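Next up, query.cif (mmCIF, C-alpha atoms and all ligand atoms):
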data_query
loop_
_atom_site.label_atom_id
_atom_site.label_comp_id
_atom_site.auth_asym_id
_atom_site.auth_seq_id
_atom_site.Cartn_x
_atom_site.Cartn_y
_atom_site.Cartn_z
CA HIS A 3 20.94 -0.89 -1.53
CA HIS A 4 19.89 -4.25 -2.99
CA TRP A 5 16.84 -5.23 -1.09
CA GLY A 6 14.08 -7.43 -2.29
CA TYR A 7 11.79 -10.32 -1.39
CA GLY A 8 13.99 -13.37 -2.01
CA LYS A 9 15.77 -15.70 0.50
CA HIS A 10 18.97 -13.67 0.28
CA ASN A 11 17.61 -10.12 0.25
CA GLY A 12 14.13 -10.36 1.70
CA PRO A 13 12.47 -8.98 4.81
CA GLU A 14 14.60 -10.95 7.32
CA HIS A 15 17.64 -9.24 5.88
CA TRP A 16 16.43 -5.64 5.77
CA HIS A 17 17.46 -4.75 9.24
CA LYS A 18 21.18 -4.76 8.38
CA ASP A 19 20.90 -1.79 6.02
CA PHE A 20 17.78 -0.36 7.68
CA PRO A 21 18.03 -0.93 11.44
CA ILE A 22 14.57 0.74 12.02
CA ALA A 23 13.24 -2.56 10.63
CA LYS A 24 13.26 -3.71 14.26
CA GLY A 25 11.73 -0.49 15.60
CA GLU A 26 8.80 0.30 17.78
CA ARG A 27 6.20 1.18 15.17
CA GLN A 28 6.80 -1.15 12.22
CA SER A 29 4.21 -2.22 9.67
CA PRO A 30 2.38 -4.24 8.64
CA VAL A 31 0.70 -5.85 11.63
CA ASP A 32 -1.96 -8.43 12.38
CA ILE A 33 -5.31 -6.72 13.14
CA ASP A 34 -6.93 -8.69 15.91
CA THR A 35 -10.63 -7.78 15.51
CA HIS A 36 -11.36 -8.82 19.10
CA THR A 37 -8.81 -6.45 20.59
CA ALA A 38 -9.25 -3.41 18.29
CA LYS A 39 -11.53 -0.97 20.08
CA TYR A 40 -14.21 1.16 18.53
CA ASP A 41 -13.19 4.86 18.97
CA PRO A 42 -16.22 7.22 19.01
CA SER A 43 -14.01 10.25 18.66
CA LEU A 44 -12.89 9.26 15.14
CA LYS A 45 -14.20 11.88 12.67
CA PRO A 46 -15.69 10.48 9.43
CA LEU A 47 -13.12 9.66 6.66
CA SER A 48 -13.07 11.93 3.58
CA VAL A 49 -11.77 10.53 0.31
CA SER A 50 -11.81 13.38 -2.25
CA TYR A 51 -10.49 11.95 -5.51
CA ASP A 52 -12.71 13.85 -8.04
CA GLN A 53 -9.84 15.94 -9.45
CA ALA A 54 -7.21 13.17 -9.41
CA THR A 55 -4.58 13.44 -12.15
CA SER A 56 -2.76 10.18 -12.74
CA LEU A 57 0.33 10.44 -14.90
CA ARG A 58 2.36 7.30 -15.21
CA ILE A 59 2.89 3.69 -14.17
CA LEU A 60 6.33 2.39 -13.27
CA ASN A 61 7.82 -1.09 -12.60
CA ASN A 62 10.39 -0.34 -9.89
CA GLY A 63 11.67 -3.88 -9.56
CA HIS A 64 9.64 -4.42 -6.39
CA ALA A 65 6.07 -3.61 -7.44
CA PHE A 66 4.44 -1.15 -9.76
CA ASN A 67 3.53 2.36 -8.78
CA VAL A 68 0.69 4.43 -10.35
CA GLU A 69 1.85 8.03 -9.92
CA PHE A 70 -0.22 11.18 -9.52
CA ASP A 71 0.32 14.90 -9.88
CA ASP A 72 0.61 16.10 -6.30
CA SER A 73 1.68 19.70 -7.09
CA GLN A 74 -1.74 20.89 -5.78
CA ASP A 75 -4.70 19.57 -3.64
CA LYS A 76 -6.33 17.52 -6.49
CA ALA A 77 -6.82 14.13 -4.82
CA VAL A 78 -6.77 14.26 -0.99
CA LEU A 79 -7.53 12.22 2.09
CA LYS A 80 -8.80 14.01 5.23
CA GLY A 81 -10.80 13.25 8.39
CA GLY A 82 -10.82 9.93 10.17
CA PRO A 83 -7.81 9.96 12.50
CA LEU A 84 -6.05 12.65 10.44
CA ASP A 85 -5.41 16.34 11.12
CA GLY A 86 -5.12 18.39 8.03
CA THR A 87 -4.85 17.45 4.41
CA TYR A 88 -2.98 14.55 2.79
CA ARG A 89 -2.24 14.54 -0.94
CA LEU A 90 -2.31 11.36 -3.01
CA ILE A 91 1.12 10.75 -4.59
CA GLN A 92 0.92 7.10 -5.69
CA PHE A 93 -0.70 3.75 -5.34
CA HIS A 94 0.67 0.27 -5.56
CA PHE A 95 -0.08 -3.30 -4.54
CA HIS A 96 1.47 -6.25 -2.78
CA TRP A 97 0.49 -9.76 -3.91
CA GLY A 98 1.17 -13.44 -3.70
CA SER A 99 2.21 -16.43 -5.72
CA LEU A 100 -1.09 -18.13 -4.71
CA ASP A 101 -4.49 -16.76 -3.68
CA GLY A 102 -3.91 -17.58 0.00
CA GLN A 103 -1.14 -15.07 0.56
CA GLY A 104 -0.15 -11.63 -0.65
CA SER A 105 -1.52 -9.06 1.77
CA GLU A 106 0.73 -7.36 4.30
CA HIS A 107 -1.85 -6.61 6.98
CA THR A 108 -3.66 -9.66 8.20
CA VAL A 109 -7.11 -9.82 9.90
CA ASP A 110 -7.23 -12.37 12.71
CA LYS A 111 -4.17 -13.88 10.98
CA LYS A 112 -6.09 -14.16 7.70
CA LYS A 113 -4.00 -13.31 4.62
CA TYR A 114 -5.70 -11.87 1.56
CA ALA A 115 -4.63 -12.41 -2.08
CA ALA A 116 -3.32 -8.86 -2.32
CA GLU A 117 -3.31 -5.44 -0.73
CA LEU A 118 -3.64 -2.03 -2.32
CA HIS A 119 -1.83 0.97 -0.72
CA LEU A 120 -2.91 4.48 -1.65
CA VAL A 121 -0.04 6.70 -0.41
CA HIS A 122 -0.68 10.31 0.74
CA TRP A 123 1.46 12.98 2.32
CA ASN A 124 0.70 15.75 4.79
CA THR A 125 0.69 19.07 2.93
CA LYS A 127 1.92 20.89 6.08
CA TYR A 128 5.38 19.52 5.33
CA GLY A 129 5.47 20.89 1.81
CA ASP A 130 6.92 17.93 -0.13
CA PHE A 131 6.96 14.15 0.13
CA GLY A 132 10.60 13.86 1.04
CA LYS A 133 10.13 16.18 4.06
CA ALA A 134 6.91 14.41 5.06
CA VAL A 135 8.56 10.94 5.38
CA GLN A 136 10.87 12.43 8.03
CA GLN A 137 7.85 13.24 10.28
CA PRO A 138 5.87 10.89 12.50
CA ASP A 139 2.60 12.19 10.99
CA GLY A 140 3.92 12.72 7.49
CA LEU A 141 2.04 10.04 5.54
CA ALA A 142 -1.41 8.46 5.52
CA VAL A 143 -1.66 5.18 3.68
CA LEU A 144 -5.10 3.83 2.85
CA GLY A 145 -4.94 0.06 2.67
CA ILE A 146 -7.46 -2.11 0.87
CA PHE A 147 -7.63 -5.89 0.82
CA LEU A 148 -8.14 -7.80 -2.43
CA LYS A 149 -9.85 -11.18 -2.52
CA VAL A 150 -10.32 -13.34 -5.61
CA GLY A 151 -13.89 -13.39 -6.87
CA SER A 152 -15.73 -11.22 -9.37
CA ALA A 153 -13.77 -8.81 -11.54
CA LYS A 154 -13.09 -5.27 -10.41
CA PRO A 155 -13.94 -3.21 -13.45
CA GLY A 156 -12.08 -0.15 -12.17
CA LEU A 157 -8.89 -2.26 -12.02
CA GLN A 158 -8.89 -3.53 -15.57
CA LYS A 159 -7.12 -0.39 -17.05
CA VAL A 160 -4.27 -1.17 -14.70
CA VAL A 161 -4.16 -4.90 -15.61
CA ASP A 162 -4.13 -4.08 -19.30
CA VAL A 163 -1.11 -1.79 -19.16
CA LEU A 164 1.13 -4.34 -17.29
CA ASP A 165 2.31 -5.97 -20.52
CA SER A 166 4.03 -2.66 -21.33
CA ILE A 167 5.99 -2.49 -18.01
CA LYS A 168 7.02 -6.11 -17.58
CA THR A 169 10.51 -5.49 -16.30
CA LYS A 170 12.31 -3.26 -13.80
CA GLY A 171 12.77 0.33 -14.92
CA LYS A 172 9.94 0.28 -17.49
CA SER A 173 7.28 3.02 -17.32
CA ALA A 174 4.14 3.88 -19.40
CA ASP A 175 1.90 6.92 -19.68
CA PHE A 176 -1.11 6.34 -17.39
CA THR A 177 -3.29 9.40 -17.58
CA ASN A 178 -6.96 9.75 -16.78
CA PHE A 179 -7.10 6.78 -14.41
CA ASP A 180 -9.79 7.22 -11.67
CA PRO A 181 -8.70 5.76 -8.33
CA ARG A 182 -12.33 5.90 -7.09
CA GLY A 183 -12.86 2.69 -9.04
CA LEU A 184 -10.64 0.76 -6.67
CA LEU A 185 -12.66 1.52 -3.49
CA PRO A 186 -15.11 -0.90 -1.78
CA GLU A 187 -18.60 0.35 -0.79
CA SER A 188 -17.87 0.87 2.89
CA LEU A 189 -15.23 3.23 4.32
CA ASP A 190 -15.30 1.41 7.77
CA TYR A 191 -11.61 1.14 8.85
CA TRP A 192 -9.02 0.24 11.41
CA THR A 193 -6.24 2.73 12.17
CA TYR A 194 -2.88 2.59 13.92
CA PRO A 195 0.49 4.35 13.80
CA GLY A 196 3.17 2.61 11.78
CA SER A 197 5.67 2.63 9.00
CA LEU A 198 6.56 2.21 5.35
CA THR A 199 6.47 -1.49 4.57
CA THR A 200 9.50 -1.35 2.20
CA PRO A 201 12.89 0.09 2.86
CA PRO A 202 13.56 2.66 4.14
CA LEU A 203 10.87 1.49 6.57
CA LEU A 204 10.43 4.97 8.04
CA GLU A 205 8.06 5.42 10.96
CA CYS A 206 6.00 8.14 9.32
CA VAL A 207 2.60 6.54 8.54
CA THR A 208 -0.89 6.78 9.90
CA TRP A 209 -2.34 3.52 8.59
CA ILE A 210 -6.00 3.44 7.64
CA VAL A 211 -7.03 -0.14 6.62
CA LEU A 212 -10.52 -0.65 5.23
CA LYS A 213 -12.51 -3.51 6.66
CA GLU A 214 -14.29 -4.32 3.42
CA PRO A 215 -12.11 -6.08 0.79
CA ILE A 216 -12.61 -5.53 -2.91
CA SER A 217 -13.04 -8.50 -5.17
CA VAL A 218 -10.82 -8.98 -8.19
CA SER A 219 -10.82 -11.83 -10.71
CA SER A 220 -8.41 -14.69 -10.87
CA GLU A 221 -7.50 -13.50 -14.38
CA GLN A 222 -6.75 -9.98 -13.00
CA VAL A 223 -4.42 -11.23 -10.24
CA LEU A 224 -2.83 -13.73 -12.64
CA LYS A 225 -1.72 -10.76 -14.79
CA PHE A 226 -0.06 -9.15 -11.74
CA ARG A 227 1.91 -12.40 -11.34
CA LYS A 228 3.30 -12.17 -14.87
CA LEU A 229 5.33 -9.07 -14.04
CA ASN A 230 9.00 -9.37 -13.54
CA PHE A 231 11.32 -8.24 -10.67
CA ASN A 232 14.27 -8.42 -13.12
CA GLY A 233 15.32 -5.93 -15.74
CA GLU A 234 14.93 -6.45 -19.56
CA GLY A 235 17.25 -9.14 -20.82
CA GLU A 236 18.03 -10.59 -17.38
CA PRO A 237 17.05 -14.01 -15.99
CA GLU A 238 13.26 -14.04 -15.43
CA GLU A 239 12.09 -13.80 -11.81
CA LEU A 240 8.36 -13.48 -11.58
CA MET A 241 7.15 -10.55 -9.42
CA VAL A 242 5.24 -12.48 -6.79
CA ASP A 243 5.27 -12.50 -2.98
CA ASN A 244 6.33 -8.91 -2.66
CA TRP A 245 4.80 -8.55 0.79
CA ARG A 246 6.38 -7.96 4.16
CA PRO A 247 4.91 -10.17 6.91
CA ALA A 248 3.30 -8.88 10.06
CA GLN A 249 5.59 -7.16 12.60
CA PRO A 250 5.33 -6.88 16.34
CA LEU A 251 2.53 -4.57 17.59
CA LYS A 252 4.55 -3.50 20.54
CA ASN A 253 3.09 -0.57 22.40
CA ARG A 254 0.29 0.23 20.00
CA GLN A 255 -3.46 0.12 19.91
CA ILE A 256 -5.48 -0.47 16.77
CA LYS A 257 -8.69 1.58 16.70
CA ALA A 258 -11.88 0.74 14.81
CA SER A 259 -14.13 3.34 13.19
CA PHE A 260 -17.14 1.02 13.49
CA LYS A 261 -19.02 -0.97 16.16
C1 LIG A 301 12.43 8.00 0.43
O1 LIG A 301 12.23 6.80 -0.33
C2 LIG A 301 10.99 6.20 -0.15
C3 LIG A 301 10.88 4.95 -0.72
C4 LIG A 301 9.70 4.25 -0.60
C5 LIG A 301 8.62 4.81 0.04
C6 LIG A 301 7.35 4.06 0.19
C7 LIG A 301 6.12 4.80 -0.09
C8 LIG A 301 7.45 2.83 0.69
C9 LIG A 301 6.33 1.87 1.03
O2 LIG A 301 5.30 1.87 0.29
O3 LIG A 301 6.42 1.20 2.10
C10 LIG A 301 8.74 6.07 0.60
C11 LIG A 301 9.93 6.79 0.50
ZN ZN A 302 2.72 -0.89 0.10
#
Starting from the file, give its structure as structure tokens.
Amino acid sequence: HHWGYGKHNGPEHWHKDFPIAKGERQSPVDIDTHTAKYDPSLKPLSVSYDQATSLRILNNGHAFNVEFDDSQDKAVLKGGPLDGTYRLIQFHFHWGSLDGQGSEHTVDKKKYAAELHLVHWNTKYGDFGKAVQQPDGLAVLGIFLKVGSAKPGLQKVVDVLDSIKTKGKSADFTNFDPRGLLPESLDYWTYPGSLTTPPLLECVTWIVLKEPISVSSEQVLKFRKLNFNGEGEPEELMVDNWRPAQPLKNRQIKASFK
């Protein structure tokens, strides 16, 4: 597979190798704030990242992933719409060439500069690869980035990007605290959906925070200096690695807040 974000291999092409691209619960979607209903039955959301063990950062030719030790319950997401315990495995972002685009979810058709995805899997399925085969296998916590003041808790990430410019490069990335990437409020929207990259599997409970975090123009500019290409290949800047909104179909988006 040779998917990407360009004219010739981008999201309008994915369905030929990954037919589920045109399925019934694809992500991302537009969150219409006037149609999402408050759901009083939602339990509060529990983000327990105190014992998080980050290990490594990797440029995969599509984005960069910050990877965690998920061999025990060290950093978990519970509550909200979820049953049981979901282990943090990795986070990554999607971003734009310009500040007016980059996020995958939109809010009343508003696009943010970027979007952070913290990816967790349901420990009842034992490993990540088994979990992505289940309709409730993953919980992805999604956080909007807007350009403004600097996010101090992001700067360790920004500063390591020079060392993983090109596809296939990785760097040690221990002792990074993902709590530093969270906004103040845990108010969220939730809906059932999918992975937003191939293989596009329909295995995700999406939990999208309402409150964006602010990052600096200098921070996001450093994301835009990454490369999709490998070392010694023609330079293609890693920008616009977002999938656009997909049809909502027969789904309801629920709000945790009034
Ligand atoms: C089985 O291979 C996989 C590849 C990518 C992913 C993710 C986590 C994709 C995304 O962020 O949309 C999962 C499994
Ligand atoms: Zn993502």
Problem - Which residue of A:73, A:53, A:125, A:152 approaches residue A:220 most closely, using only C-alpha atoms - result: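 Smallest distance to residue A:220 is found for A:152.
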Handout entry: Contacts to ligand ZN 302 (chain A) at 12 Å cut-off (all atoms listed in the file) as an NGL selection string
Key = :A and (29-30 or 64-68 or 92-97 or 104-107 or 116-122 or 142-147 or 197-201 or 203 or 207 or 209 or 211 or 244-247)
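Atom CA of residue A:237 is found 26.9 Å from atom CA of residue A:17.
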Problem - Among the residues A:140, A:86, A:186, A:42, the one that comes closest to ligand LIG 301 (chain A) [using all atoms listed in the file] - result: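 Once distances to ligand LIG 301 (chain A) are computed over all atoms listed in the file, the minimum belongs to A:140.
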Practice task
Kindly indicate which residue among A:44, A:79, A:60, A:22 lies nearest to residue A:190, using only C-alpha atoms for the distances.
Solution key: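 Ranking A:44, A:79, A:60, A:22 by distance to residue A:190, first place goes to A:44.
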Completion exercise
Closest of A:195, A:12, A:132, A:171 to residue A:26, counting all atoms listed in the file, is A:195
Practice task
Would you mind telling me which residue in A:51, A:16, A:7, A:131 lies nearest to ligand LIG 301 (chain A) when using all atoms listed in the file?
Solution key: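 The closest residue to ligand LIG 301 (chain A) is A:131.
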Exercise for the section: Identify, on the basis of all atoms listed in the file, every residue whose closest approach to residue A:160 does not exceed 9 Å; exclude the query and any residue fewer than 6 positions from it along the same chain; express the result as a ChimeraX atom specification. Expected result: /A:59,68,176,179
Problem - Spatial neighbours of residue A:98, max dist 6 Å, all atoms listed in the file, sep filter under 3 positions, as a PyMOL selection string - result: chain A and resi 103-104+242-243
Handout entry: Residue nearest ligand LIG 301 (chain A) - candidates A:135, A:57, A:248, A:84, atoms counted: all atoms listed in the file
Key =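 Smallest separation from ligand LIG 301 (chain A) among the options: A:135.
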Fill in the blank from the handout: A straight line from atom CA of residue A:80 to atom CA of residue A:191 spans 13.7 Å
Taking all atoms of stretch 173-185 of chain A that the file lists, what box with edges along x, y and z, padded by 8 Å per side, do you get, with centre and edge lengths in Å to one decimal, as JSON?
{"center_x": -2.8, "center_y": 5.3, "center_z": -11.6, "size_x": 36.1, "size_y": 25.0, "size_z": 32.2}
Problem - Between atom CA of residue A:39 and atom CA of residue A:196, distance in Å (one decimal) - result: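 That distance, rounded to one decimal, is 17.3 Å.
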Handout entry: Long-range neighbours of residue A:43 as number ranges by chain, 12 Å cut-off, all atoms listed in the file, 5 positions minimum in chain
Key = A: 81-84, 257-260
Block slice stretch 144-197 of chain A, C-alpha atoms, emitted as a PDB file, in the first residue's frame:
ATOM      1  CA  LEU A 144      -9.307  11.417  22.416  1.00  0.00           C
ATOM      2  CA  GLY A 145      -9.222  14.302  19.971  1.00  0.00           C
ATOM      3  CA  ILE A 146      -8.026  17.790  20.805  1.00  0.00           C
ATOM      4  CA  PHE A 147      -8.138  20.858  18.587  1.00  0.00           C
ATOM      5  CA  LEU A 148      -5.126  23.141  18.223  1.00  0.00           C
ATOM      6  CA  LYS A 149      -5.486  26.834  17.452  1.00  0.00           C
ATOM      7  CA  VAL A 150      -2.625  29.261  16.884  1.00  0.00           C
ATOM      8  CA  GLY A 151      -2.100  31.656  19.778  1.00  0.00           C
ATOM      9  CA  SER A 152       0.058  31.451  22.880  1.00  0.00           C
ATOM     10  CA  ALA A 153       2.647  28.700  23.172  1.00  0.00           C
ATOM     11  CA  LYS A 154       1.796  25.356  24.691  1.00  0.00           C
ATOM     12  CA  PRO A 155       4.670  24.714  27.038  1.00  0.00           C
ATOM     13  CA  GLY A 156       3.892  21.004  27.347  1.00  0.00           C
ATOM     14  CA  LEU A 157       4.302  20.702  23.549  1.00  0.00           C
ATOM     15  CA  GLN A 158       7.742  22.219  23.233  1.00  0.00           C
ATOM     16  CA  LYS A 159       9.652  18.912  24.032  1.00  0.00           C
ATOM     17  CA  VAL A 160       7.881  17.447  21.027  1.00  0.00           C
ATOM     18  CA  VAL A 161       8.674  20.431  18.745  1.00  0.00           C
ATOM     19  CA  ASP A 162      12.323  20.325  19.735  1.00  0.00           C
ATOM     20  CA  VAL A 163      12.857  16.678  18.811  1.00  0.00           C
ATOM     21  CA  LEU A 164      11.384  17.042  15.247  1.00  0.00           C
ATOM     22  CA  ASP A 165      14.729  18.083  13.749  1.00  0.00           C
ATOM     23  CA  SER A 166      15.981  14.573  14.599  1.00  0.00           C
ATOM     24  CA  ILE A 167      13.118  12.762  12.744  1.00  0.00           C
ATOM     25  CA  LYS A 168      12.781  14.899   9.641  1.00  0.00           C
ATOM     26  CA  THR A 169      12.243  12.107   7.166  1.00  0.00           C
ATOM     27  CA  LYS A 170      10.222   8.906   6.833  1.00  0.00           C
ATOM     28  CA  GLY A 171      11.536   5.993   8.867  1.00  0.00           C
ATOM     29  CA  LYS A 172      13.491   8.122  11.364  1.00  0.00           C
ATOM     30  CA  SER A 173      12.883   7.567  15.099  1.00  0.00           C
ATOM     31  CA  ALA A 174      14.328   9.111  18.326  1.00  0.00           C
ATOM     32  CA  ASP A 175      14.258   8.127  21.987  1.00  0.00           C
ATOM     33  CA  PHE A 176      11.397  10.070  23.635  1.00  0.00           C
ATOM     34  CA  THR A 177      11.256   9.024  27.252  1.00  0.00           C
ATOM     35  CA  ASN A 178       9.754  10.852  30.186  1.00  0.00           C
ATOM     36  CA  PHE A 179       7.303  12.907  28.120  1.00  0.00           C
ATOM     37  CA  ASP A 180       4.105  13.781  30.097  1.00  0.00           C
ATOM     38  CA  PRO A 181       0.995  13.761  27.904  1.00  0.00           C
ATOM     39  CA  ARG A 182      -0.937  15.660  30.617  1.00  0.00           C
ATOM     40  CA  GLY A 183       0.768  18.789  29.296  1.00  0.00           C
ATOM     41  CA  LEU A 184      -1.181  18.599  26.062  1.00  0.00           C
ATOM     42  CA  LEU A 185      -4.675  18.757  27.658  1.00  0.00           C
ATOM     43  CA  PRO A 186      -6.908  21.871  27.804  1.00  0.00           C
ATOM     44  CA  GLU A 187      -8.536  22.857  31.140  1.00  0.00           C
ATOM     45  CA  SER A 188     -11.976  21.459  30.405  1.00  0.00           C
ATOM     46  CA  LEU A 189     -12.779  17.806  29.647  1.00  0.00           C
ATOM     47  CA  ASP A 190     -16.229  18.761  28.100  1.00  0.00           C
ATOM     48  CA  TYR A 191     -16.562  16.567  24.945  1.00  0.00           C
ATOM     49  CA  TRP A 192     -18.590  15.321  22.041  1.00  0.00           C
ATOM     50  CA  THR A 193     -18.699  11.585  21.347  1.00  0.00           C
ATOM     51  CA  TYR A 194     -19.745   9.395  18.438  1.00  0.00           C
ATOM     52  CA  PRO A 195     -18.907   5.992  16.950  1.00  0.00           C
ATOM     53  CA  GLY A 196     -16.448   6.037  14.076  1.00  0.00           C
ATOM     54  CA  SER A 197     -13.232   4.923  12.534  1.00  0.00           C
TER      55      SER A 197
END
